[PDB]
Amino acid sequence: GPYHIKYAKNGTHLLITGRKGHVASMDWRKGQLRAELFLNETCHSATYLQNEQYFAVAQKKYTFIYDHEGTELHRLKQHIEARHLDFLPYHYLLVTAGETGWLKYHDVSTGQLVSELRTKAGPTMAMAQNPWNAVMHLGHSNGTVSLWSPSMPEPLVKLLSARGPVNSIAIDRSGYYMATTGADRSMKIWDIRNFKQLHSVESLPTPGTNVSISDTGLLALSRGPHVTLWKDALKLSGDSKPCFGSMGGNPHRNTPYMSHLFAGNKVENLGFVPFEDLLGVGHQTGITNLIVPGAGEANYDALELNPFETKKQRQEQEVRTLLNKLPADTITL
Amino acid sequence: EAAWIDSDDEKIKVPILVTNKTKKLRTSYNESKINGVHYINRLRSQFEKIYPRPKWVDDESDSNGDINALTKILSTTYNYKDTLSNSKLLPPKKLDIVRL
Amino acid sequence: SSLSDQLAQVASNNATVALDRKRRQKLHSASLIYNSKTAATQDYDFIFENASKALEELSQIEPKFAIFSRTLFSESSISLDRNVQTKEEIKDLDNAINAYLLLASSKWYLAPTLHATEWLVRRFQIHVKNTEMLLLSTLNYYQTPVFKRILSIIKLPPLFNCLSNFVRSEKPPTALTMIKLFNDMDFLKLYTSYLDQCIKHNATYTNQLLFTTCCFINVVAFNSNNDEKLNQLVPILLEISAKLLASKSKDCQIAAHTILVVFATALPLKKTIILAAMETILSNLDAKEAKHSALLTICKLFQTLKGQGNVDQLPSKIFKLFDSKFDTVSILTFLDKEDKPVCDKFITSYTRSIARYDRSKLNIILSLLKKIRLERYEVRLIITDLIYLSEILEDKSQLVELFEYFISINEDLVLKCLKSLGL
Amino acid sequence: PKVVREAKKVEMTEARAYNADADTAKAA
Amino acid sequence: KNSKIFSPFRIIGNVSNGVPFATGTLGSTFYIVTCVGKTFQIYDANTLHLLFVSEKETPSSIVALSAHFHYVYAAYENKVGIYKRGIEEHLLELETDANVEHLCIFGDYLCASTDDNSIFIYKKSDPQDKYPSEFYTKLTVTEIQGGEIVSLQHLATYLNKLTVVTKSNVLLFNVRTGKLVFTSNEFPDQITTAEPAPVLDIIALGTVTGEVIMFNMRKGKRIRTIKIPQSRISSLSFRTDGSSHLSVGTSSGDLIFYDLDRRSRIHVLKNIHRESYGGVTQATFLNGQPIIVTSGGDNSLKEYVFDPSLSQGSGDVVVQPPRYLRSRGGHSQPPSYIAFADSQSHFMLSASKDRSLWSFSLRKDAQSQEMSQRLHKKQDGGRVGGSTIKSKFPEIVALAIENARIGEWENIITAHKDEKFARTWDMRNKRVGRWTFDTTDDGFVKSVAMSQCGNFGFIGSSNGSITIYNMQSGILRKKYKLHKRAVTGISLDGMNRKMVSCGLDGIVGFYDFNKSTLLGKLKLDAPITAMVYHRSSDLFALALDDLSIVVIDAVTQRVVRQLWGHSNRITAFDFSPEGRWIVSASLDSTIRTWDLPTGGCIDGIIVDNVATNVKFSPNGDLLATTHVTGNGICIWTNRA
Amino acid sequence: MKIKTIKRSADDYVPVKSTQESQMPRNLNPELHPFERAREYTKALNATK
RNA sequence: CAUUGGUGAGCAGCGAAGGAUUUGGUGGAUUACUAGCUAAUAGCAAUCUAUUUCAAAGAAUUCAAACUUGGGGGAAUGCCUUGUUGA
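Chains as they are written, first to last, in full-length UniProt numbering: chain E, 112 to 444; chain B, 122 to 184, 202 to 238; chain C, 2 to 424; chain X, 410 to 437; chain U, 19 to 658; chain H, 1 to 49.
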């Protein structure tokens, strides 16, 4: 089917799901293929869960958690119809948000469903996580985004965002901005701390099908078979707003910084490869990495994520993270 | 240098910006009308940028006993076994025989 | 095509990048001299010290190598990497690697070459990146433990599958393996390009020129049946034969001579092609050894062609060329040789050319006919040429002398050709 | 073993082309 | 020759006739415009399906073709027709009485060139139009300037200039004004082709001996020359992937690829198109790819590719030979016998006089295949023996099929020419079937038939005998003798009951078949030339010799109708599917439709080109006929 | 048009020796190190236990 | 005497410049042919951007919302619903 990308947080492995049953987990630099599943129910999305050693895929109805080789570990019963997956990785919480319109946080380390929240506004159309904060922004068919937390039945804050449903949201690494895109051909840059919209683009030529904020504040938007990238749109100055054209050599408009139209495809999702400067687009007939010469950050840290991480370093390190997992209950705003 | 010269091609005056395909010829963001000679020179360079210039056109032209001769006649002839000569002597190890 | 196969070709692309500490010990422990564990314990600075010492030794033996000390063996070459460099830069690094492998292909029975090229192996991964030039350089040592080593490290390209079977073994590759390598065709194209480059940069020697000779010979022998294979292998060997002649080393010229001889006795080539063979051969002939070999070769080629036009004159230019290169006393002592190669067809072609282009050395003609035992139709052709010469010229004493020589031998043929023309 | 000769699926990448319909022009 | 029942539809099984095809990029992708006599067809160059077909048949044959983005220009007898998506969008009549040879379009101008050396120029009314229509001027070539015109070219970056390559020199015109700005020095040969290179300034001219001259026009001097000795050059194309290659296509079928950087000859391709029907008439490298498309007047179109090298670094010294990607085709020679295979009117067998039996498709013209002749391993444990250099079976002159056992044993019988047995063919596997059916008295098979149930195949000979063979087992069962002269038609009832045979002694003999009695013997006037039986109603029609059709009721065993009115011999004919009409085509170039109730002619078409087979479809939508010249099958509808 | 991207050298991030511990680079951007006080509270509570 | 079981050495017969098994790769067919891309009444296809923004229009269930659960007992603390105290 049309595909769906997920680069492992570390940077190395990649996971592609189809839409028919074809899931595969690979290494992409050494080319070596970790696992491959030809399950025939329509998969929607996938994530890695903590290592390359575990992944979790949506399916037709349930959630299935597989090994590093695709031997099925678990059949998550209580996550019924999860069109969206995410993993918030200091707290170890697998998060699904449905088509039911229920939001479930599940601790994959002890095996015990932490919270089961009711988002009442209908089937969840988009979902992203504040990484600096670990709080789930779910975007809902009213046109309103809503910030949740596991230890609160009520949404922490509701944010009236678009007119008509919310196609896709994506949050900065610094935890301070949120770009959201909406089916009324719209795109809005919100300043999450202080909760004011910075600045908003109100007529795109066709709906913003996806967005993603890179590891350097750079913005990628995808509108059908087009991928557009604006640099420095996540500033407060009014002189930043993403225009598509410079009205005759005007150095205040922000014309795009890169662009690529695929011809016959229709881009499904997109992510940035973490520590190299590429972004991976997943579309109807495969995967592509576009080389984007500003994109990722150069110089990572090694006490959090090496991309050169050996086997012993992996297994020592993961028991250290398990031993220090933050409680589910911390997560404030 | 060439061997002909075109009086109207120099005296003509052509627009550019009227067509997407050729807006990219300009050097300024001011010029809109160029004369024929500069239009033709821009256009030649774009042809170069479409189909890059090789060695065979440019670097090489055709201009006692020689040295090149074995290679030259090999280039000329295409089927090098002598057959056409009424050989008078029946060649060995491969017979040519037809059943009646 | 499958995800598995596209991933496989990805790994082949990124085949030399150390992405892990495990992979880096795999790559770094492949090495020409040491065993695995020792090689993987030591580091680039040590290998460079050993290599610089060895290249100073090789510069002593052969003085071309100081340029490589300027440009591939510096402290900067400790620092450089091969994968972090744009494609223009990689192309230049492969030019320098190819020129190094030429200019020390000839020393591969020497521990200094072992040490210096071991630095090239480890810092620049020639055993992954340019293996075809590695193998075509060091090919002819195919018994020396050095080639067994080089096979043991290398990963074999698509045109060397015969050795792909023989890799990692205590027995060496064998002669019939080398012949079957060459008996495939696209390898003959490849090897020809390597020899053109080798000639043009002037690094040839008897050992490898013998080896390439023996393989081109053996390819023609195995293809001696399939006339389509032979006819399609004509242009490649005859291109090499021409270029290898146009060189100036007597060893090159002897190799080209033996290639021409074997190929023309295995396939009947056209008259114009044997003529141009002679043209190139003579026109760059100088040395003494080549002079003797070239004489034997031209006699053998003309003996091969047979049909009509069998025994005609050389054209003017080729005849004059042959006279410049070869004295009549030289061809006379060649006919005075003991072994006496069969050379009748060339001798009578030469004789008809003399009597139609020089009209003076008829005493020499009688000398030649005294020396060699021609055949009946050669007699008929020569005698008719002399008849026409008599009817165009003054009846000269030497022309008479030739006539009474034939009167001494075969009055009756003189009568028969006379009945053809005269009384 | 001999050399393997197996054909791989050819797919038509695109390339640019010039234009006559710019190449001609108009008097004044 | 307007008719009242049948109307013409299209002509299946033609691909090219030898006019050089034209190509057209459309975006990122390519199409191929070929012309078949009085039509042009347009093929997806990537996979070669039939996209479009010219809408109405042009008045004469098409002389020249050229294409551009969405438009395609055909220059027939006098005029130029601009078509988009097949349908005619502009006519453009050239003010003369002489045919249009060549045609080149560049920018604002369309340039047509007649045969009496004149060049007509048509200019767009405003460059927001999409194809030109104003007459501009008329440039002429006087005999002192050049010979006859051979081609029209427009090199890149040449403003308002036109390169006219004549038979002795090359001219340069400034087509806006029209002053002959340049003449080249006279070539000592005849120029035969010309084609512009993807380097600047340079046109590659192919002479009549093997000599390709790369000629630089800005300087006006030759820069290279390339000698093939003893060939007639007929195509030139410049590979533009980035590897500097050339394909010279001779007029003997050789296609010779040169490497122009290294001055080498890469390859030859030998007999890719036939020496007789023209050789290689066009051979082009698609702009940007390692793909060459060649097309020749033997009704075939081919595509060859270049695989990349085997060698990593050495690269472009080891060049792989170019192999064969894909192709379509039809018969080379006109067809000989046609027969509908199946009762949805899908597939049509047709044997043709280059000995080849195609099976055509009426729905999708990529499903059509040639039925191969690769024999089976003899069943005896022996050796089948023929000349080791293989050649196609003799021309297939009778042919009868049944679809009742398809898949389990063979179900076509074919009867070849001057040959003494029949061959069972297959139709599921599309291949020669494993049995050959003798006649057993030295007599050339004159006609064949198959039972309804598909078990038995009758093979009437030319010394009277009838032999009947099982088809599952190929094994001989029965053999009657009643005729003494040739036996020209066999038939059997759908109840496997009554057999009819008609033979040149003017006898129609009726047999029982379950048991083996002889049930009757009818005697006519003249020899009997063909039998068509019609099964559901038990009636059959014998084309006699005295230029008459005689319809006989095969149960009551007597002559029921006698259709006079023809005037020369009757070639072929066919009952309707519903038993009501006869279509019969006869050698005075007529086709008549007869009604059998009223016993009389109700329609007739007079044809410019004699019809030689006539066959309804079984599901009675169409009539397929085939003609004496021209490779195809002409398909007709049914207003009834 | 100065296109420059990230070129990490493997020989910078993994040692060519075999007996040398693979180096750790560091970067103190608090954006890279997210949950300060919750992470340290759990190290305090682990230490108490 | 069989063998309807192997493994071989041989004929008759078939028999045109050879034959017989096995296997890799690509192309075409497998449904009934109306061409490529885009922001689409048109342009592009050598290029979408130095007109690509404006104006207008556009905001119910003031929260219908898991029709989505294997069976049996339960539920500290959660969650949920109904009441309630103080702001």
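For every residue, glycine included, the Cβ atom is placed at its ideal position computed from N, Cα and C.
Please decide whether residue i counts as near chain C, where near means a Cβ-Cβ distance under 7 Å.
| i | result |
| --- | --- |
| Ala135(E) | yes |
| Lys4(H) | no |
| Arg130(E) | no |
Let me see if you follow: with CB-CB separation under 7 Å, is residue i close to chain E or not?
| i | result |
| --- | --- |
| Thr42(H) | yes |
| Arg26(H) | yes |
| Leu32(H) | yes |
Considering just the uninterrupted stretch of the alpha helix (DSSP H) at residue i, what are its terminal residues?
| i | result |
| --- | --- |
| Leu173(U) | Careful: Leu173(U) lies outside any alpha helix (DSSP H) and carries neither H nor E. |
| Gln198(C) | 187 to 201 |
| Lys318(C) | 317 to 326 |
According to DSSP, is residue i helix, strand or coil?
| i | result |
| --- | --- |
| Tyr45(C) | helix |
| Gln59(U) | strand |
| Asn131(C) | coil |
| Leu286(C) | coil |
| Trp341(E) | strand |
| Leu394(C) | coil |
| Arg147(B) | coil |
| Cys154(E) | coil |
Distance, Cα to Cα, residue i vs residue j?
| i | j | result |
| --- | --- | --- |
| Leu20(C) | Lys377(E) | 33 Å |
| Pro146(C) | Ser32(C) | 14 Å |
| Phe70(U) | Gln163(U) | 42 Å |
| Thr210(U) | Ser169(U) | 9 Å |
| residue 694(U) | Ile274(U) | Nothing about residue 694(U) can be read from this structure; chain U reaches only from 19 to 658. |
| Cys344(C) | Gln248(U) | 35 Å |
| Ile365(C) | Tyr351(C) | 12 Å |
| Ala40(U) | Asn162(E) | 58 Å |
Could you work out which residue in the options is closest to residue i when comparing CA atoms only?
| i | options | result |
| --- | --- | --- |
| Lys17(H) | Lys149(C), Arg22(C), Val235(C) | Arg22(C) |
| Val51(U) | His364(U), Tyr101(U), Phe324(U) | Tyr101(U) |
| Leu381(E) | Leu340(E), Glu227(E), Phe419(E) | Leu340(E) |
| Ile620(U) | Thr432(U), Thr611(U), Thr65(U), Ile546(U) | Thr611(U) |
Name the two residues that bound the continuous beta strand (DSSP E) containing residue i.
| i | result |
| --- | --- |
| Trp453(U) | 450 to 456 |
| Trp612(U) | 608 to 613 |
Is any beta-carbon of chain B found at less than 7 Å from that of residue i?
| i | result |
| --- | --- |
| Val235(C) | yes |
| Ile123(U) | no |
Is the Cβ of residue i closer than 7 Å to any Cβ of chain H?
| i | result |
| --- | --- |
| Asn321(E) | no |
| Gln254(C) | no |
Any Cβ of chain U within less than 7 Å of the Cβ of residue i?
| i | result |
| --- | --- |
| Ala437(X) | no |
| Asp6(C) | no |
Contact criterion: CB-CB distance below 7 Å. Does residue i meet it with respect to chain X?
| i | result |
| --- | --- |
| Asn166(C) | yes |
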